[PDB]
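The form deposited in one PDB entry is given below as one chain in structure tokens.
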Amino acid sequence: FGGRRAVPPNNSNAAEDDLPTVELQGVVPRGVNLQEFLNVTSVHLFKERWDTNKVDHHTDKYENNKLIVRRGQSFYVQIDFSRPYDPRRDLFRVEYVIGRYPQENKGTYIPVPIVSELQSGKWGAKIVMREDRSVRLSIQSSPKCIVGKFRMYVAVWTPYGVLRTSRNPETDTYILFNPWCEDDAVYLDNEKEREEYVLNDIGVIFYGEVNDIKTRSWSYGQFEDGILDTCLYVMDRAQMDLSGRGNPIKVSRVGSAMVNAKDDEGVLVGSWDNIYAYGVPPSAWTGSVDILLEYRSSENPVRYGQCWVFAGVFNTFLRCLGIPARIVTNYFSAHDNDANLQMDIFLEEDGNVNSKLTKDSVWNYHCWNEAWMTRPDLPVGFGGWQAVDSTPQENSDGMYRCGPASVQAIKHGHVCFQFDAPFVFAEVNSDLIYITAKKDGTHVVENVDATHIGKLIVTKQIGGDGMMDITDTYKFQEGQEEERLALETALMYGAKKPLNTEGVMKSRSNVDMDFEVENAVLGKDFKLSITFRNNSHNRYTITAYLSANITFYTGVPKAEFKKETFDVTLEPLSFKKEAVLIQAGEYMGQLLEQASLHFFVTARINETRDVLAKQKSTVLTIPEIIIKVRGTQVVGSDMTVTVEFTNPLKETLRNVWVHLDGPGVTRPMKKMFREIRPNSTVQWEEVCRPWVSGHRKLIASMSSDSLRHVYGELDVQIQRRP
């Protein structure tokens, strides 16, 4: 027995059941002439990718031979009977069935009535033509329909019960979300935004630091063969209830929690260890496609991922199911904030940075997804873009993904609404605090910087590869009253400020300090210049310190590669400039991946005790991979692709992996080079047979035992085949 549930949970789309080919009703006589009733001989779905069904549904891009339609919109089928259908004496219906335990009230068994006119928002089938034994139907799905791969049957009613078509896997129909249908929760009213955020399969991810924004391409490849089945498999491995898969909120809430693998559940193992033993380095991946297919084939978490890898895979998942989605990058992200709007830096009494206590860090950048949906669970006006950070963060429910948090709620500070909105708000609106940890053990708040966190938020522009600034969509113009109103609203609903920044004030001296670090190519010396400017008729003496650290892009430091001290005398109204040379040999032996450096300049004015403090980051430029193509760029023709890479270092690179990708042009490929001498160059050549026309992109990456996070791309126009 089993008293918990009357029927087991219908939570796997891969699971099926055997519907009876005959259901008897009443005491059926011996030898009934059932051949007087209709029998279905064939069913046509008009499922060809060039045909009206896939073209008008925008599902012709998918590399899938089955019928794919989007919910809430009509599509044609034809049924051929044993004899002409005769409305006076012939009752029949289409049945759509999903899972192992389909039930009509659960929406997982769907009888489609034959109707005179398709009612808005209802399942129904209209006979649009009859000719000889064939009836052609226009079928409309409900705009709230479950998304997934439905089985299809045709069932004829008789006084003796139901006659039904046998299992025909040729008829299985994918029903997806419909951004084009005004009644769908994912409806997007702009054609070009639907083209970009759903039908574009090549993304751009922005990295580096805000003064030197780096860019790379990413193959989402959501239309590639088996990716849609992999997204269904992802939801089946979540054991997500099929009746819940009609809701884009729940699909985003579950799929994001599925993206980061804790234990042996989930798609990607997170790692930031810079070593990535027994797995693939997160900076090696060119796209989601090989990650998702490795997950689907191994059934085990893929090694390894990082924030932009999680964002890419989740973006592929969302766009594949048809939820409009984009990656966004925040620069200077206050991650692991625990809804605290304060990041603390600790200083020695002399004003040097106390590295022992300074254990908070600000990520140079962080990536998360936005998904477009209405929010019927929230009050009016919180629809649209929902922030979903698939990276785990300490949250209202332990260590987990955050969101979907409404971006419109975040901007206004209405972080009372679900999900996890205070933590996303704190991601973008925290302040830096500089605290003197006095030798007596007291903590004195010396300085506050409200401007540093979330200085810019960017995403790929519609139809091009330039950045689109969306910072104003997340927060108001800095220092204006509306920022204060948003902050106070967030503080009403459980954002926190542990330390009252009331015993902190404008500097008494009115001395400014600022410094600039010039951008550099990896392996070059560069200048850092500090300026001090006096706005007073007084004369000041200042002791200043430079700390230069190699850091992970998460801002976690590894080594203090340079330390310097300056004594400055400022005359009244005067200024002074200190030039510091940083030499390649100071940093080159010690750099982590993404080659990120972080500089603190701090100073104490001896006559006024004021503390000046600023911090800045740089990312060293690494030369791109070169991609070339030869032969005719025509679908089905052979095309020759050359990937070239030149070692930029003064050392031999070892165990070099080069990866190549490009949806519709080439499957994911990778090549192993045992060594690459210091100034030497390698070439790799492949023959690829493109299968998608128009503008396409080739993408390459490089990784090794030392150097990694190196990329390249080429735009290739592919002509249509004859």
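So that there is no doubt, residue numbering starts at 1 and follows the sequence shown.
Keep in mind that the form deposited with a partner chain bound is missing from the display, and what follows is about it.
- Contact check for residue 353: a non-hydrogen atom falls within 4.5 Å of its partner chain in the deposited bound form.
- Contact between residue 75 and its partner chain in the deposited bound form is not found at the 4.5 Å heavy atom cutoff.
- Its partner chain in the deposited bound form is approached by residue 343, whose closest heavy atom lies within 4.5 angstroms of it.
- Residue 600 falls outside the set of residues with a heavy atom inside 4.5 Å of its partner chain in the deposited bound form.
- Heavy atoms within 4.5 Å of its partner chain in the deposited bound form belong, among the stretches 601-609, 359-367, 82-90, 568-576, to residues of 359-367.
- Note on contacts: among 432, 580, 293, 163, the single residue with a heavy atom within 4.5 Å of its partner chain in the deposited bound form is 432.
- For the options 233, 180, 545, 207, the residue carrying a heavy atom within 4.5 angstroms of its partner chain in the deposited bound form is 207.
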